[PDB]
Amino acid sequence: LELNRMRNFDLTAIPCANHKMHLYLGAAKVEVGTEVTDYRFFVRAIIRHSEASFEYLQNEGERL
Amino acid sequence: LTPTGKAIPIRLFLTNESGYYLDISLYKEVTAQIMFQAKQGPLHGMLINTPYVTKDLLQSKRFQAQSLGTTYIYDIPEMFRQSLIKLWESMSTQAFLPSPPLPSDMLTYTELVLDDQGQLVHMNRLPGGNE
Amino acid sequence: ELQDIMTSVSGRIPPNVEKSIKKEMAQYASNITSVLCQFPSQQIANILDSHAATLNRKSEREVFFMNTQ
Amino acid sequence: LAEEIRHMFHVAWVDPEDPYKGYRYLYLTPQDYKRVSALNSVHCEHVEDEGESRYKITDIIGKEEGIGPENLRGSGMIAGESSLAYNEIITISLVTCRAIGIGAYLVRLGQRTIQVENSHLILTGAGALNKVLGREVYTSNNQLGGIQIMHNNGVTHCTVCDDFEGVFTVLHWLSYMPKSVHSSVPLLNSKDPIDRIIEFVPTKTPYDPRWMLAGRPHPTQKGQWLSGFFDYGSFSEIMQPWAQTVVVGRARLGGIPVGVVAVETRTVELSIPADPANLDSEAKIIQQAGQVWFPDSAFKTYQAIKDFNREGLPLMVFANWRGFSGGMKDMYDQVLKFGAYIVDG
Amino acid sequence: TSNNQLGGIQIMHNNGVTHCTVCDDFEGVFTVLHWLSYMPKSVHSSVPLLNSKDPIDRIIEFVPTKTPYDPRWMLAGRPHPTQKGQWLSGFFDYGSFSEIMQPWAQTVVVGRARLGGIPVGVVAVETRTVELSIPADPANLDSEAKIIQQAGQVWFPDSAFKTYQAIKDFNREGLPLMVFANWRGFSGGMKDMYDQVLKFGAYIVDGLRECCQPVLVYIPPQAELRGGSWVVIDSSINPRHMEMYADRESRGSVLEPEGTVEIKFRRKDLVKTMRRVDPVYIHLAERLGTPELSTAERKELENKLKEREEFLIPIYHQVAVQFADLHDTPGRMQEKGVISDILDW
């Protein structure tokens, strides 16, 4: 999870069911001079649930 | 793929704004720091650990524009659309016109940029990109 | 005759004019064995002179001189 | 200005022990001269003066690209192509905050010009001229090029409150024009039918000519409608408040876009603003007869029709002009010259 | 009282509608044929060249001056101030320049002439303040004839039209054009802008775009050309046919130096420049740059700073302005490509 690509952001890990999916709320990490400007809801998953895979991936995706 | 035995990774990044327009940025992971390679794609080639743009760039320029009593350039395409959608309805009063399109379908843009020789190049990129 | 001069002045070269001239020898070569093939004289000289329109006011052209001559 | 020189140049004084005796030239110390000198940054000449050896600055060429007369060259270049193009293709422009110098010239050169409130349309700023004119004559660039100058003098064609309605006007304008020269008439089914009679009839008594053109509300029992010639609501004017003896714009008659001209019949009253710069100038108020071509009318009248002509439109003209005005000043003011010009169009 | 009041030479020559005026019919026909001696037989034919009695391998004796002057002298020559009846030769053949529209808009002077016997059309700029008289309208009892100072080296509405008209007129003759440009800019004041000087600058480009033969432009000594005047006559409009030369003593920018300095020679640059160059400031700075100063010495030093700096500003201001002007010079112009070569008048 290339999570260093948002180090200039502030994300807090909340433990969660469907434990694959970790969703973080992001505040733009800024310097002491300034206060965060971006406020994005992030949902960050991992996907490994065992052509079928692709359809499975899609369908499972809506459910998820 | 099915015979090949050549597993590729494809860091695909999906792009959707207001409207149901879904722009798919599909690349391939190509070598030494991996490189998004498919068209021309919004931020076609970049390395993969490209830290994420912070919005306040866009915000910063719009404030300057309102302060001169005008509209920020990369907000113009939707301003074209809002005026254009509003126009399609009002003109139906005046004339029989075809049915208006959906807000996603009213307008599409591609950035035009000069190469070294002052020649045009088509680029489908994210707002905020002027150099 | 166009190989041999253009092989010994392969460097010092502005590629815009070179890719144009080197294209059409390649297709002097492809269109050979036609009954009616002559050199595209005005075309190679004129193409370079598109790039005379922008550079030539400046004397910036002595590398360019041995390629534009 | 070449910054590299600003923070390290020295002044070659008439007398160094007293600077107020004037200066001869600027120069660099040898560490500082030995660096721009190598780089085709400036043109200098070596000199011996007051004992020391200097690289006398003779011309600044400037290693920083883009701060020299090339920007002026670029400006003419983009002006010229657009002028031919404008006579060849459709250009429309909206000035939102301010257009200065070449920006002003290119929007102005394009001719159909939209202006957002609190914007101004000028070439050179009020400060330089007030200074050149020796007092704070003007306080705001809007005084020079705002709608209060440019709308009142016929430089502004149309006005707008914001960019969005500007965009609307641009897009609204485009609905009258053929996409290309390879394209036809394309016809609409207008909601004002064509094989109808027109209820409003022009009169010897004066009238607003937009009613003859666009139709009108029934004066008494509303909401009935006195039908005009053209499609209800279809006419889009330009140059409305200046020289109103003639009126120009585009409209649709049965859904084909056309250009349209009609004539004001009561004497027009033109207000000439007072020049506060010039103490003689008082804001005059001029009577402009209806049905007459003046210097102003001929310039403005030729422009709408000409534009339509380089576009390729057919014309339907409601022609109604009695002659040129023949008084000393307006004749002196050259109505013949622009009268000749209309013939060409 | 007389149709001549409306259309006589006193209106049409005074407004530039009449090109030449004559005393009788015979002398009229003479003037007609005299113009034609400059003109090509057909458009398929060359300008008729003479072997002029003013030789071609001569030097020009008259030099345009900081002091004001009649521009025919720079163009056509003048009598020698000392050994009369000699002639300070102008650019063009002695006695060859035939002006038109002379008494109208005299800030610029336009006409036809011969250079070594080649007929050309010519526009040059008056350098003395012009007093253009606009006559009073006797019809209107309010109108009084104001009398206006019209600055030299400026494009006005009147000047731009006469220049545009002559140039337009000359272009259809088939003549090469030589403009000895000596314009500081366009006038940006309310009245002249109101009176639409901007409009005709755009138009000249169209006019200039149609030129089919050489136009050689030379900015004479003590002239300068800034912003609007260069941009609207850049070779880009017709690169195919245009070529450019500038005198050593010519100049060009969007904006002339006084207005340039105001932006980039503030206190900081003055103090900075003094701090580098001014000996006293260095001395002051050495003590002001000392720690552990007496409360006496401190306040005096701050005062010494305010007093020395502000008192020093004039000399360094003159030093400041010279630096800026050297960036806009012809030497740079050729290297940067806005002029093709520099000549000496």
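Every number in this text was worked out from the coordinates using simple rules, so none of it is lab data. A quick note on method: Cβ atoms are made from the backbone with ideal geometry, for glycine too, and the neighbour counts reach across all protein chains shown.
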Item to complete: Could you run through the range E:61-117 and say how many residues are β-branched (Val, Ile, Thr) and either surrounded by fewer than 19 Cβ atoms within 10 Å (Cβ to Cβ) or touching a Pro at 6+ places or on another chain (Cβ under 7 Å) (or both)?
Response: 5
Worksheet item: So which residues in the range A:1-22 are aliphatic (A, V, I, L, M) and surrounded by 12 or more Cβ atoms within 10 Å (Cβ to Cβ), if there are any at all?
Response: A:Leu3, A:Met6, A:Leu11, A:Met21
Response to the item:
Of those in the range D:274-285 that are at the interface with chain E (Cβ under 9 Å from one of its Cβ atoms) and either outside any loop (DSSP other than H, G, I, E, B) or surrounded by 11 or more Cβ atoms within 10 Å (Cβ to Cβ) (or both), the residue nearest to the chain's Cα centre (by Cα) is D:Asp275
Discussion item. Against the definition (within 14 Å of chain D (Cβ to nearest Cβ) and not small (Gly, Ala, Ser)), how does B:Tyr74 come out, yes or no?
Written reply: yes
Fill in: From the options B:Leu114, B:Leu57, residue that is within 14 Å of chain D (Cβ to nearest Cβ), loosely packed, with under 14 Cβ neighbours inside 10 Å and at negative phi
B:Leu114
Worksheet, complete the sentence: Counting only residues in the range D:133-164 that are surrounded by fewer than 17 Cβ atoms within 10 Å (Cβ to Cβ) and either facing another protein chain (nearest Cβ under 9 Å) or touching a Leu at 6+ places or on another chain (Cβ under 9 Å) (or both), the one farthest from D:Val116 (Cα to Cα) is identified as D:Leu133
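Residues checked against (1) under 30 Å from E:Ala136 (Cβ atoms); (2) more than 14 Å from chain E (Cβ to nearest Cβ); (3) surrounded by fewer than 20 Cβ atoms within 10 Å (Cβ to Cβ):
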residue: D:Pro257; (1), (2), (3): no, yes, no
residue: D:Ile272; (1), (2), (3): yes, no, yes
residue: D:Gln287; (1), (2), (3): yes, no, yes
residue: D:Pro295; (1), (2), (3): yes, no, no
Worksheet item: What tally of residues in the range D:1-36 results from selecting those that are crowded, with 21+ Cβ neighbours inside 10 Å, in a helix (DSSP H, G or I) and either more than 10 Å from chain E (Cβ to nearest Cβ) or under 48 Å from the mean Cα position of the chain (by Cα) (or both)?
Response: 3
Worksheet entry | Near pairs, Cβ below 6 angstrom, 6+ apart or cross-chain, from the range E:110-139 (farther than 14 Å from E:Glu99 by Cβ and more than 14 Å from every other protein chain (Cβ to nearest Cβ)) to any residue that is assigned to a loop (DSSP other than H, G, I, E, B) and among the polar types (S, T, N, Q) | E:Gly116/E:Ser52; E:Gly117/E:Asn51; E:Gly117/E:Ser52; E:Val130/E:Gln106; E:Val130/E:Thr107
Worksheet item: Out of all the residues in the range D:219-237, which are farther than 18 Å from D:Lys191 by Cβ and exposed (fewer than 14 other Cβ atoms within 10 Å of the Cβ)?
Response: D:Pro219, D:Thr220, D:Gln221, D:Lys222
Fill in: Residue ID - farthest from the other protein chains (Cβ to nearest Cβ), chosen from residues in the range D:37-69 that are at positive phi and small (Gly, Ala, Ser)
D:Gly51
Discussion item. Restricting to the range E:251-288, count the residues that are within 30 Å of D:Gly125 (Cα to Cα) and buried (at least 16 other Cβ atoms within 10 Å of the Cβ).
Written reply: 15
Practice prompt. Can you run down the residue pairs with Cβ atoms below 8 Å, 6 or more apart or on separate chains, where the first is in the range D:310-322 and within 29 Å of D:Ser83 (Cβ to Cβ) and the partner is in a loop (DSSP other than H, G, I, E, B) and among the acidic types (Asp, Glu)?
Written response: D:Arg310/D:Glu88
Item to complete: Kindly indicate whether any position in the range D:179-201 is closer than 30 Å to B:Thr71 by Cβ, of a type in the set (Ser, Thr, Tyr) and within 14 Å of another protein chain (Cβ to nearest Cβ).
Response: no
Item to complete: Please name all residue pairs, on different chains or six or more residues apart, with Cβ atoms under 7 Å, provided the first residue is in the range B:3-20 and is farther than 16 Å from B:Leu43 by Cα and the second residue is assigned to a loop (DSSP other than H, G, I, E, B).
Response: B:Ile8/B:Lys28
Worksheet item: What residue, of E:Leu301, E:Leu305, is surrounded by 18 or more Cβ atoms within 10 Å (Cβ to Cβ), over 27 Å from the mean Cα position of the chain (by Cα) and of a type in the set (A, V, I, L, M)?
Response: E:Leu301
Worksheet item: If a residue has to be surrounded by 11 or more Cβ atoms within 10 Å (Cβ to Cβ) and under 22 Å from C:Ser8 (Cβ atoms) to count, how many in the range C:30-50 make the cut?
Response: 6
Worksheet, complete the sentence: Within the range B:82-111, the residues that are touching a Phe, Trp or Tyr at 6+ places or on another chain (Cβ under 8 Å), part of a helix (DSSP H, G or I) and within 11 Å of another protein chain (Cβ to nearest Cβ) are B:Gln82, B:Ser83, B:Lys86, B:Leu87, B:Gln94
Practice prompt. Find the residue count for the range E:2-38, including only residues that are assigned to a loop (DSSP other than H, G, I, E, B) and either surrounded by fewer than 16 Cβ atoms within 10 Å (Cβ to Cβ) or β-branched (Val, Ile, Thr) (or both).
Written response: 9
Discussion item. Taking the criterion of being surrounded by 12 or more Cβ atoms within 10 Å (Cβ to Cβ), part of a helix (DSSP H, G or I), within 10 Å of the chain's Cα centre (by Cα) and more than 14 Å from chain E (Cβ to nearest Cβ), would at least one residue in the range C:52-66 satisfy it?
Written reply: no
Item to complete: State whether the residues of the range E:323-338 include one that is over 30 Å from C:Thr54 (Cβ atoms), crowded, with 19+ Cβ neighbours inside 10 Å and within 10 Å of chain D (Cβ to nearest Cβ).
Response: yes
Practice prompt. Would you check which residues across the range E:263-279 are aliphatic (A, V, I, L, M) and either assigned to a loop (DSSP other than H, G, I, E, B) or more than 13 Å from D:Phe9 (Cβ to Cβ) (or both) and list them?
Written response: E:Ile263, E:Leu270, E:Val271
Response to the item:
Restricting attention to the range A:23-57, the residues that are surrounded by 10 or more Cβ atoms within 10 Å (Cβ to Cβ) and outside any loop (DSSP other than H, G, I, E, B) number exactly 13
Worksheet item: How about the range D:248-271: which of its residues are in a strand (DSSP E or B) and among the polar types (S, T, N, Q)?
Response: D:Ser271
Practice prompt. Only strands (runs of 3 or more DSSP E) wholly contained in the range E:142-257 count here; list those with 2 or more residues that are touching a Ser or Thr at 6+ places or on another chain (Cβ under 8 Å) and more than 9 Å from chain D (Cβ to nearest Cβ).
Written response: E:147-150, E:242-247
Worksheet item: Conditions: (1) within 17 Å of E:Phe97 (Cβ to Cβ); (2) within 14 Å of chain D (Cβ to nearest Cβ). E:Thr1 meets all but one. Number of the miss?
Response: (1)
Worksheet item: If you take the residues in the range D:82-108 that are over 26 Å from D:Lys179 (Cα atoms) and more than 14 Å from chain B (Cβ to nearest Cβ), which one is surrounded by the fewest Cβ atoms within 10 Å (Cβ to Cβ)?
Response: D:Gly101
Discussion item. So D:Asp330 ticks every box in (1) more than 13 Å from chain E (Cβ to nearest Cβ); (2) part of a helix (DSSP H, G or I); (3) of a type in the set (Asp, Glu) but one. Which box is left unticked?
Written reply: (1)
